[PDB]
Amino acid sequence: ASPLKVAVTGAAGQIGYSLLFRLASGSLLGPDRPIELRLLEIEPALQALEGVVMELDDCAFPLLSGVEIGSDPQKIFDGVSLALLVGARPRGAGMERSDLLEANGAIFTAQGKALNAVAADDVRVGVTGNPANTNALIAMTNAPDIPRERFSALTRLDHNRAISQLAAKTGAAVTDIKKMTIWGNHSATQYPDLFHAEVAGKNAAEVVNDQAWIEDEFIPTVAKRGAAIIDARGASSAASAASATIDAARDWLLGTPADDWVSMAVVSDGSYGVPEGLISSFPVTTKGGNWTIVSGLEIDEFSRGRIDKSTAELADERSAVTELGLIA
Amino acid sequence: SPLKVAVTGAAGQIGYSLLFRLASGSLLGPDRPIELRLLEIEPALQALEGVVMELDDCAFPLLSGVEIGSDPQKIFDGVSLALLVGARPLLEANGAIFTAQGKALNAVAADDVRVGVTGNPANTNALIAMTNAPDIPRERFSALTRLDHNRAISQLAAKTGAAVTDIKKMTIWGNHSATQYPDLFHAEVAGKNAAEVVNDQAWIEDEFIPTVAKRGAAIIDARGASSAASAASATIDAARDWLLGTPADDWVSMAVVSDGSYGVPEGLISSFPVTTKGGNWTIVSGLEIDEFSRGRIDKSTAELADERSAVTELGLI
Ligand code: NA
Ligand code: NA
Ligand code: NA
Ligand code: NA
Ligand code: NA
Ligand code: NA
Ligand code: NA
Ligand code: NA
Ligand code: NA
Ligand code: NA
Ligand code: NA
Ligand code: NA
Ligand code: NA
Ligand code: NA
Ligand code: NA
Ligand code: NA
Ligand code: NA
Ligand code: NA
Ligand code: NA
Ligand code: NA
Ligand code: NA
Ligand code: NA
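From N to C terminus, chain B includes 11 helices and 14 strands. A compact globule built from 317 residues should have a C-alpha radius of gyration of about 20 Å, and chain B, at 19 Å, falls within 12% of that. A principal-axis box enclosing the C-alpha atoms of chain B has dimensions of 55 × 45 × 40 Å.

Here it is, written out as structure tokens:
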């Protein structure tokens, strides 16, 4: 196979440090599909990025066809088929992800315009940098010649967290869990939805049989997990964010299993009462590098309220970046 | 059935880079589960809890479970692969660590255990561990020279323009130290003898060997931090090849106990060209050692013997 050209921003950062070795080892497309890494950093981090590339070379990875590094997004994104926009300022303890809306926003205006100018026709664009949904909205709107559906923000770390907590509660293997959904924003208002999930062919909410645990423990544990990692580790998630980035990109490009769906924050067409044009997390299936929102789910009153709270937040964020002039 | 894998220094930088790859399938592939048993010192256990939170958040299908602790006799119980990564960042300080860890392994590891030592000074730590485990066959102990090996492959690929897949039969001889000897005279670049391809002895001595030997310091100069991800990667490569076997047209480097082969003093843990099958290594037989290579091999094994003498004088053997 021709090498897949993959761009990674913030590539000398902590997420990048985890992610690049998984990419080069075969985690994205498997053991027979080479990858070319195109790595972006800010100028003061280029010496460190040179060091990371030395380490990549020193792994003697058979799949790594080559590496280009630089600080010019038009050079690094030239011809790329997958762009992993990870680099942005991190949050720290006591911060909400939305605290970084104005700071990180302008990065995404510029990167969307660069992608628009130079990326491969088949590009798919994943955004991990915070606040992720709004940053993906910024990038998507600044790339009018790339189809809107090519942009996604990462809610897969939230999704995976929710799988982990459900498996723990139920005594199940992670492989038993299917049809998890995270709705809305990658924030504290995210809604992890058990009511459509399955634990080995059984409805998840019925298996747990405990609405109070769902409301008082499960939802806030998942929603606030990032802050819990900051408290435990002293720094934001890195390896697990990199792992979720690989999972989301892999499923996007190679497809979801027939019996399952995943969570991706993508542009709303109004489905499920989610305001049109927001980047919001939905249950989706994928095939051929394309996603489709899962149709037909009955949204119960409790779920409805939690979804709307989260989409309300997204609408507020969208208004703020529109007022800052970052959109279009 | 999950392979029980112990990792020491598990909240360190190598560990951070290693554990997620292990759990994702890098060691045994996509259908073989693993159980992680993570050792740290007591003051690092809080941090290790945070690493386990992130492991759990990955929802890894292969990760059957995780146990953490500071007692090697608990963590190593029933393990079939022990990756001894943690060490004091010299010979004496690490001596107590590896004496204690070899004794623990001897007491509680699985019969089929293989023990890979990444923590420095790796060869002599491995020797100490092996000596302290008289009920585990000596061939189960290896020190990691795979990072040097892969670094050599990297330099040789850059010099020749070949793909890394075109590079075979690289060897690192001796100690994992500045006296290591990376041997191009038996390596092949797309079938052709590597030293004949390069055709430049001054480049070998003045550039290739010192660049390999000093690479860790070059990474630190560049990144401001040590080479954790590539060390992790080498650790996985070496353990994977040990357990699953080497390719039929290739060999790898492993530091293992010497039977005298190639003039390496018996009983030293020393890096040899090896093939693997069934979880067992065999030193590559039949290689002709030229005068230049003999001199460099003997300089390294002299250092290994000096280190063995030092730890013997300290009472660690
Ligand atoms: Na960075
Ligand atoms: Na990292
Ligand atoms: Na691949
Ligand atoms: Na490697
Ligand atoms: Na390596
Ligand atoms: Na470059
Ligand atoms: Na667009
Ligand atoms: Na709640
Ligand atoms: Na949080
Ligand atoms: Na939490
Ligand atoms: Na938590
Ligand atoms: Na609407
Ligand atoms: Na909009
Ligand atoms: Na609102
Ligand atoms: Na340790
Ligand atoms: Na380390
Ligand atoms: Na594995
Ligand atoms: Na956990
Ligand atoms: Na994850
Ligand atoms: Na041995
Ligand atoms: Na080893
Ligand atoms: Na042998």
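Additional details are given in the paragraphs that follow.
Attention shifts here to the coordination of the sodium ion (ligand 7). Residue and element names in this part refer to chain A. In the first shell of the sodium ion (ligand 7), the protein supplies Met140 (O), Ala143 (O) and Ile146 (O), at 2.8 to 3.0 Å from the metal. Sequence spacing among the residues donating to the sodium ion (ligand 7) works out to M-x2-A-x2-I. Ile146 carries the same exposure label as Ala143, and that label is buried.

Below, the discussion takes up the interface of chain B and chain A. In this assembly, 35 residues from chain B lie in contact with 35 residues from chain A. At the boundary of chain B with chain A, total buried surface from both sides reaches about 2900 Å², with 58% on carbon and sulfur atoms. On inspection of chain B and its partner chain A, the count reaches six salt bridges. The closest approach of N and O atoms between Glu54 of chain B and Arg233 of chain A, which form a salt bridge, is 3.8 Å. Joining chain B to chain A, the criterion identifies 20 residue pairs in polar contact. Put simply, the parts of the chain that give the side of chain B that touches chain A at least two residues each are α1 (13-24), α2 (45-57), α6 (146-160), α9 (215-223) and α10 (228-244) of chain B. Looking at the side of chain B that touches chain A residue by residue, the class counts come to 15 nonpolar, 11 polar and nine charged.

With that settled, consider the domain arrangement of chain B. Residues and elements named next belong to chain B. Domain annotation of chain B identifies domain 1 (1-143) and domain 2 (144-317). Measuring from the centre of the C-alpha atoms in domain 1 to the corresponding centre in domain 2 gives 23 Å. The interface of domain 1 with domain 2 comprises 41 residues on the first partner and 37 residues on the second. Considering only the side of domain 1, the residues that lose the most area to domain 2 are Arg114, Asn123 and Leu127, jointly responsible for 20% of the buried surface there. The interface formed by domain 1 and domain 2 holds zero salt bridges in total. Summed over the shared surface of domain 1 and domain 2, the result is 14 residue pairs in polar contact.

Residues and elements named next belong to chain A. Burial runs high along strand β1 (residues 4-8): four of the five residues are buried. Pairing between β1 and strand β4 (residues 82-85): three bridges, direction parallel. Among the inter-strand pairings, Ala7 is bridged to a residue of β4, identified as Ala83.

What follows covers the sheet that holds strand β10 (residues 188-189) of chain B. Strand pairing in a sheet relies on backbone hydrogen bonds, with the paired strands running either antiparallel or parallel. Residues and elements named next belong to chain B. Strand order in this open sheet of three strands is β7-β10-β11, and the pairing throughout is antiparallel. Across the chains shown, the open sheet's two edge strands, defined by having one partner strand only, are β7 (167-168) and β11 (192-193). Note that β10 and β11 share two bridges and pair antiparallel. For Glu188, the partnering residue across the bridge sits in β11 and is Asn193.

All names here are of chain A. For the pair helix α1 (residues 14-25) and helix α2 (residues 46-57), interaxial distance at closest approach is 11 Å and the crossing angle is 30 degrees. It follows from the interaxial angle that α1 and α2 lie roughly parallel. Both α1 and α2 take part in a crossing whose hand is right-handed. On α2, the residues that touch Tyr17, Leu20, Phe21 and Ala24 of α1 are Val52, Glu55 and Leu56. Classifying every residue of the contact of α1 with α2 by side-chain character gives six nonpolar, no polar and one charged.

This part is about the packing of aromatic side chains. The full count for this structure, using the stated rule, is 12 aromatic pairs over all chains. Arranged with centres 5.8 Å apart and planes meeting at 75 degrees, the rings of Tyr181 of chain B and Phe292 of chain B form a pair that is edge-to-face. With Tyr181 of chain B in strand β9 (residues 181-183) and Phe292 of chain B in helix α11 (residues 291-313), this pair connects stretches of sequence that are 111 residues apart. Judged by relative accessible area, which is 0%, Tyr181 of chain B ranks as buried. Among the aromatic residues, those joined into a ring-pair cluster are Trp183, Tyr272 and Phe282 of chain A.

Residues and elements named next belong to chain B. Structurally, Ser293 is set in helix α11. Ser293 gets classed as buried once you look at its relative accessible area, which sits at 0%. Reaching out from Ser293, the side chain makes a polar contact with the side chain of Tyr181 at a distance of 2.7 Å. Not counting residues within four places of it along the chain, the set of residues in contact with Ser293 comprises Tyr181, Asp183 and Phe185.

This next bit is on the packing of α1 of chain A against α1 of chain B. Relative orientation of the contacting elements α1 of chain A and α1 of chain B amounts to 40 degrees, with a least axis distance of 11 Å. One way to sum up the angle between α1 of chain A and α1 of chain B is to call them oblique. With respect to the hand of their crossing, α1 of chain A and α1 of chain B are arranged in right-handed fashion. For the pair α1 of chain A and α1 of chain B, the contacting residues are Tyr17, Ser18, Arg22 and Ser25 of chain A in the first and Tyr16, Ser17, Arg21 and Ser24 of chain B in the second.

A separate point is the pattern of salt bridges. For the structure on display, the rule yields 14 salt bridges over all chains. Among the salt bridges present, the one from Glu36 of chain A reaches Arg38 of chain A, with a minimum N-O distance of 2.8 Å. Each member of the pair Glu36 of chain A and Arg38 of chain A is classed as buried. Sharing partners across several salt bridges, the network here consists of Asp58 of chain A together with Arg151 and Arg215 of chain B.

Conventions and cut-offs
- Residues numbered from 1 in each chain as written, not as in the entry; some residues may be left out.
- Chains lettered and ligands numbered in written order.
- Heavy atoms only, no water.
- Residues with missing side-chain atoms left out of burial classes, pairs and counts.
- Helix = DSSP H or I, 4+ residues; strand = E, 2+ residues; numbered from the N terminus.
- Rg over C-alpha atoms; globule rule 2.2 N^0.38 Å.
- Donors = N, O, S within 2.8 Å, 3.2 Å for Na, K, Ca; no water.
- Buried < 20%, exposed > 50% of the residue type's maximum accessible area, 1.4 Å probe, protein only.
- Contact = heavy atoms within 4.5 Å.
- Buried area = accessible area lost by both parts, 1.4 Å probe.
- Salt bridge = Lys/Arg side-chain N within 4 Å of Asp/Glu carboxyl O.
- Polar contact = N/O pair within 3.5 Å; in protein donor to acceptor, adjacent residues only side chain to side chain.
- Nonpolar A, V, L, I, M, F, W, Y, C, P; charged D, E, K, R; others polar.
- Domains from an automatic or database assignment.
- Pairing = 2+ DSSP bridges.
- Axes fitted to C-alpha atoms, helices over the stretch in contact; angles between N-to-C directions.
- Parallel < 35°, antiparallel > 145°, perpendicular 65-115°, else oblique.
- Left-handed = near helix turned anticlockwise from the far one by under 90°.
- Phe/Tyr/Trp six-rings, centres within 6.5 Å; stacked < 30°, edge-to-face > 60°.

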